[PDB]
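Before any questions on binding or motion, here is one chain by itself as structure tokens, the form deposited in one PDB entry.
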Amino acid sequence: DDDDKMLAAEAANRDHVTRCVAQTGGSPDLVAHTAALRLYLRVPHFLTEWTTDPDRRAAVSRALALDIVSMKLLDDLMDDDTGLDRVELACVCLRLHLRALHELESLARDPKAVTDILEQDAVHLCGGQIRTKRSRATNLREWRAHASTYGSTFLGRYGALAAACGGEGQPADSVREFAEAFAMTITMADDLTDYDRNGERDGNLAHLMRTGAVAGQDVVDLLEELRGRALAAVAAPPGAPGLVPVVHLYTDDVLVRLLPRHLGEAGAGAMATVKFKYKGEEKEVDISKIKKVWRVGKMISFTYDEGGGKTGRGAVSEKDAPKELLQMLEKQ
């Protein structure tokens, strides 16, 4: 029923943002633009998951949504590619942000916590975005460094804010650790969706992958590093167990749906192989060379291609049977 809480928070956040944008004078486009920011509107629910009081939780949640959207509008404004009225964007951006400050400050654990947090790393954030758009990334290392400011740092501030405004029992460092790890997962997903949906090439991860400058298996490890970082943060006491399915959901979506659109025939890059002894020999074969395979007890018997018509043959214990060879069993 958390899926229901999650959808209801999203709708509350959404409504609170479109009213706000409407009353400030933003056109109906701009209003439809911000209600469309579904993940941005939903993330505040993830960040406030440690918040025991429901009333405080909804108030902090929508205040975060106001600021996150506002920042997204400022980014639209720097790119001049939405078509939207430059003016309405600048004004609606400012108006939402001021409401956010006012709302977050009314719930804070300290009168200076909000501004301290926004200031602490403002330079790393802003000069970071400038360097990101200036010098496009050309390898995983560069890419990850850029994404650590406009992705992780950007969301980590909100993380820190939800802890600052969410009353008692908020493990500050953890909420913030979750936000930074999760934001990078979400940032990769965005990058690999937008190669196509949007038209992005410079410094974009999908391109760097289609180009060779980045190896698939390295993207998989980053994603796995990010998933573990998020899982551990959510595990710190008192814990936000509810976030576990959320972390797996987004991580698995990148792995299973997005990556293949850019690697193709083999995500890993470690073409599976079967090792065995045949006719006194040592042998190893590529799962791609394997024709027929069947099971005899705990043995896996099979046929493969040695070159030309030449039909290869072998049998191994399933205990040494690569997971890939076993998939052809059930699939046969």
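What we label the rigid core is the largest C-alpha set whose atoms superpose within 1.5 Å from one form to the other. Only residues modelled in both forms are compared. Note that residue numbering follows the sequence shown and begins at 1.
Missing here is the form deposited in another entry; even so, the following discussion is about that form.
- Item | From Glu200, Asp85, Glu225, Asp121, residue displaced between the shown form and the other one - CA threshold 2 Å or more, rigid core | The one that moves 2 Å or more is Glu200.
- Task: Note whether the distance between the C-alpha atoms of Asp253 and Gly203 decreases (closer) or increases (farther) in the other form, against the displayed form; the change is 3 Å or more.
- Result: Between the C-alphas of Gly203 and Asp253, the gap narrows in the other form (3 Å or more compared with this form).
- Message: With a change of at least 3 Å, which way does the C-alpha separation between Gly203 and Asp191 go in the other form: closer or farther?
- Response: Between the C-alphas of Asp191 and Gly203, the gap narrows in the other form (3 Å or more compared with this form).
- Sequence-ordered runs, three or more residues, C-alpha shift 2 Å or more between the shown form and the other one, rigid core: Flagged stretch (3+ res, CA at least 2 Å): just 194-203.
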